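Reviewing the structure listed below.
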Ligand SMILES: CCCCCCCC(=O)OC[C@H](COP(=O)(O)O[C@@H]1[C@H](O)[C@H](O)[C@@H](OP(=O)(O)O)[C@H](OP(=O)(O)O)[C@H]1O)OC(=O)CCCCCCC
Ligand SMILES: CCCCCCCC(=O)OC[C@H](COP(=O)(O)O[C@@H]1[C@H](O)[C@H](O)[C@@H](OP(=O)(O)O)[C@H](OP(=O)(O)O)[C@H]1O)OC(=O)CCCCCCC
């Protein structure tokens, strides 16, 4: 694949994050990315060539396959993985902006050495005191919360879309009724059992990730209330 | 074919018959027998090999053909021709019995030459006077009438059966729904137009024959009333 850039960026962002965020990144790296690339994507290797129908009408097989699978599961999961990673990058960008502000303020104070008072109050407001121990307060906390909410809503929306379109199982026999197939025809899928097992596994993984980020949000809210 | 024996017997029986009976025998020989043997039977030469359906399920073609054609038209017409010829043979047998009685009575009278009175009354009762001019009176008339009625009822029964089973036309496309064919399949006949034309022609011929024998019955009833 080509997941090198996204993996590198996630490795860059995982340095400064909460424990729940680190666990979420770890499970995303292990189960969502590694498992799909290694063995899951090989199952959908001949979902088109092994598909066949019980007719001799030309062109009915392509129409029935297009009717049966509007979009492959592997591509759907890739799109989901892409769409549940942007807000972390947004948080990384905001952290880098905070770092730039810290560097400029440090340069100004080094130049200086009531200005000290305002420099210190600005360094405390952004949570930059130890030169490498950026804390979450004011803006970073807001960005983190909105990122968590966006990730959760994207995941639940994708789950609902998948539930509406396909369901959570693949029957061994599919009934096709569309031109130019005369009347109704019978078509047979390929590897229904493995696909059902992997779909259930991915559903479980998605639910676990949802619960994990919910726990992370609750913990960060409690930490904010602590102050 | 093997119609030689029946044709010979009909040639034997046509010697002594009414004009309507002779015309009926002529039309039966010309249109019913000659036409069917010459060209009509060749049309149903590949009604099985040219039949095909739009499926690749093994054994569906035979089942659909058996569903479509319970009995071929040619065999039905042959059976009809056979079943609308027996009563003429029965009349021929009765005429031969009358001839035997005439020969025995002639032998007895030649032996003799009040007995003359009874011989003459028996020769008049059976209508045997001129030694070769047998007339219809008493028993022959009854046999002729019952033969005509039996022929008419057989013909109308066969016509009704054909109307109930097939109809009077063959559509170019037939819909088949029977195991092991999955759902419904489309099957295509062979030479629908020629078969429809010949079916209509045979129906017209049968109606003409029915009208002819009705006219013959009316004429013979009038002749009987004449006495
Ligand atoms: C049931 C758990 C409920 C809490 C779950 C909390 C989340 C969880 O499960 O792991 C993350 C957590 C915090 O780790 P993290 O390094 O971020 O935080 C440490 C500590 O918990 C305080 O946050 C700070 O020290 P102190 O306290 O001011 O001296 C300081 O962090 P910070 O403030 O400078 O950033 C750290 O010493 O790890 C723990 O071991 C918590 C202690 C209890 C671990 C044992 C379980 C009670
Ligand atoms: C509209 C027709 C209505 C009648 C249709 C009648 C049926 C029809 O169309 O053809 C058969 C018919 C009878 O022929 P067939 O030879 O059986 O009978 C002749 C005749 O008609 C009488 O029956 C008898 O003679 P006669 O009269 O006693 O001297 C004698 O027969 P039979 O008694 O010994 O067995 C015969 O001379 O032929 C005709 O030419 C009828 C005369 C009219 C022909 C012209 C048309 C009027």
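To match Swiss-Prot, the residue numbers of chain A are left as they are there, and the shown ones run 2-114, 125-238.
This deposition comes from electron microscopy, 3.0 Å.
A Cβ is built for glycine as well, from the same backbone N, Cα and C atoms used for every other residue.
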Can you check whether Swiss-Prot puts residue A:4 on the same side of the membrane as residue A:185?
-> no
Have a look at A:156-176, A:177-197 and point to the one annotated transmembrane segment in Swiss-Prot.
-> A:156-176
A:56-76, A:77-97 - the range that Swiss-Prot marks as transmembrane segment | A:77-97
Using Swiss-Prot as the reference, determine which range in A:3-23, A:24-44 is annotated transmembrane segment.
-> A:24-44
Same-chain residues at least 6 apart in sequence with Cβ under 8 Å of the Cβ of residue A:198 (disulfide bond), in sequence order, are A:52, A:53, A:54, A:55, A:62, A:65, A:66, A:69, A:184, A:185, A:186, A:187
Measure from the Cα of residue A:144 (SUMO cross-link) to the Cα of every one of the recorded positions A:5, A:192, A:237, then give the nearest.
-> A:237
Taking the transmembrane segment (A:24-44) as reference, the highest number of CB pairs under 8 angstroms among A:77-97, A:156-176, A:208-228 goes to A:208-228
How many Å separate the Cα atoms of residue A:5 (phosphoserine) and residue A:237 (SUMO cross-link)?
-> 39
Integer Cα-Cα distance in angstrom, residue A:192 (disulfide bond) to residue A:237 (SUMO cross-link) = 67
Just jot down the residues in the same chain as residue A:237 (SUMO cross-link), at least 6 apart in sequence, with C-beta under 8 A of its C-beta; none if empty.
-> none
Within the same chain, the residues 6 or more beyond the ends of the topological domain 'Cytoplasmic' (A:2-23) and with Cβ under 8 Å of it are 29-30, 34, 38, 86, 89-90, 92-93, 96, 145, 223-224, 226-227, 230-231
